[PDB]
Amino acid sequence: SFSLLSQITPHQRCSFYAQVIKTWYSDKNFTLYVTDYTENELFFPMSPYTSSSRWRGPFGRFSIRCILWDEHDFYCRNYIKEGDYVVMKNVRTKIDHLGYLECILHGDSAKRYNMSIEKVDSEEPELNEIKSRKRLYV
DNA sequence: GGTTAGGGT
């Protein structure tokens with residue numbers, strides 16, 4: 001079953017719809033920052049004051065970083081783009097060294113977990129709440 | 001696995 005991002009808690013498998021705000025690829029992994037415009041007390045508070053940054057929002061604790069390893073990296077890195085919507089299913093969350101929630105997709109997860117990330121066509125009606133909530137923060 | 005909310009690869 002799906003959860004709003006405000007409803008996810010560390011160390012539990014979860015599923016959610018989100019919009020991709022930022023991507024970053026590296027030699028090690030592929031990184032997404034995603035939001036559904038709901039607030040979570042463990043997300044990192046993104047600052048509007050950063051001297052140099054291409055982040056335009058949302059600010060505060062409204063987005064979660066996802067680290068994609070191995071097949072998840074190879075699959076998404078030249079596919080998922082900023083502005084896309086995604087559906088992430090049965091993904092795990094952890095707490096990093098500084099105490100912030102993060103979502104991780106580890107390589108070769110058991111088929112039984114049915115863990116996945118897929119792009120959602122932007123015209124899909126399940127994305128309506130995201131688009132509506134976005135209006136509160138622009 | 002990686003380090004810390006940038007960079008813009």
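Labels below follow one simple rule: chain letters A, B, ... track the order of the sequence lines, proteins then strands, and each chain is numbered from 1. Side chains are part of it too, since the values below use all heavy atoms of this structure and drop only hydrogens, waters and symmetry mates.
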> Nearest to the side chain of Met46(A), which nucleotide is it out of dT9(B), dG6(B), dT3(B)?
Replying inline: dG6(B)

> Under 5.5 Å between ring centres and under 30° between planes: true for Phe44(A) and the base of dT4(B)?
Replying inline: no

>> Are more than 12 heavy atoms, taken from residues, nucleotides or ligands other than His97(A), located less than 6.0 Å from that residue's NE2 atom?
In response: no

> Salt bridge check: are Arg61(A) and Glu39(A) linked by an N-O gap of less than 4.0 Å?
Replying inline: no

>> Whether the side chain of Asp70(A) and the base of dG1(B) hold a donor-acceptor pair under 3.5 Å is what I'd like checked.
In response: yes

> Out of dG8(B), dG1(B), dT9(B), which has the shortest distance to the side chain of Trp69(A)?
Replying inline: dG1(B)

>> Whole angstroms only, please: what is the CG-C1' distance between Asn78(A) and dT9(B)?
In response: 12 Å

> Just by distance, do the side chain of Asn29(A) and the backbone of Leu68(A) share a donor-acceptor pair under 3.5 Å?
Replying inline: no

>> Given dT4(B), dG6(B), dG2(B), identify the nucleotide with an atom nearest to the side chain of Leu98(A).
In response: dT4(B)

> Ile64(A) has an atom CD1; how far is it from atom P of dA5(B), in whole Å?
Replying inline: 16 Å

>> Can you measure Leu101(A) atom CG to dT4(B) atom P for me and round it to whole angstrom units?
In response: 19 Å

> Taking CD from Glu102(A) and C1' from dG1(B), how many angstroms apart are they, rounded to a whole number?
Replying inline: 11 Å

> Roughly, in whole Å, what's the span from CG in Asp96(A) to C1' in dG1(B)?
Replying inline: 14 Å

> Between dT4(B), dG1(B), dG6(B), which nucleotide has the shortest distance from any of its atoms to the side chain of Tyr33(A)?
Replying inline: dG6(B)

>> Heavy atoms from C-beta onward define the side chain here; which of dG2(B), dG1(B), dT9(B) lies closest to that of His106(A)?
In response: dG1(B)

> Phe30(A) or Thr50(A): which one's nearest nucleotide on DNA chain B is closer to the 5' end?
Replying inline: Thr50(A)

>> I'd like to know if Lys81(A) reaches the base of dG8(B) with its side chain, counting only an N/O donor and acceptor under 3.5 Å.
In response: no

> Is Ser26(A) near enough to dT9(B) that one of its side-chain N or O atoms lies under 4.0 angstrom from OP1 or OP2?
Replying inline: no

> Hey, does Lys81(A) have a side-chain heavy atom less than 4.5 Å from the side chain of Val20(A)?
Replying inline: no

> Looking at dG6(B), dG1(B), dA5(B), which one has an atom nearest to any side-chain atom of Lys22(A)?
Replying inline: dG6(B)

>> At less than 3.5 Å, do the side-chain atoms of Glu82(A) and the base atoms of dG8(B) form a donor-acceptor pair?
In response: no

>> Given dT4(B), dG8(B), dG2(B), identify the nucleotide with an atom nearest to the side chain of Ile104(A).
In response: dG2(B)

>> Check for me: is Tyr100(A) stacked on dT4(B) by the 5.5 Å centroid and 30° plane-angle rule?
In response: no

> For the pair made of CG in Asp108(A) and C1' in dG1(B), what is the distance, rounded to whole Å?
Replying inline: 12 Å

> Under 3.5 Å, is there a donor-acceptor pair between the side chain of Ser3(A) and the main chain of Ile8(A)?
Replying inline: no

>> Taking the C1' atom in each of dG2(B) and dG7(B), what is the distance between them to the nearest angstrom?
In response: 15 Å

> If you draw a 6.0 Å radius around CD in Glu126(A), do more than 12 non-hydrogen atoms from other residues or ligands fall strictly inside?
Replying inline: yes

> Expressed in angstrom and rounded to an integer, what is the separation of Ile67(A) atom CD1 from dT4(B) atom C1'?
Replying inline: 10 Å

>> Please pick, from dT9(B), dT4(B), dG6(B), the nucleotide with the shortest atom-to-atom distance to any side-chain atom of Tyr25(A).
In response: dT9(B)

> Nearest-Å distance, CG (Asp27(A)) to P (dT3(B))?
Replying inline: 14 Å

> Does the ring of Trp24(A) lie flat against the base of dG8(B), closer than 5.5 Å centre to centre with planes under 30°?
Replying inline: no

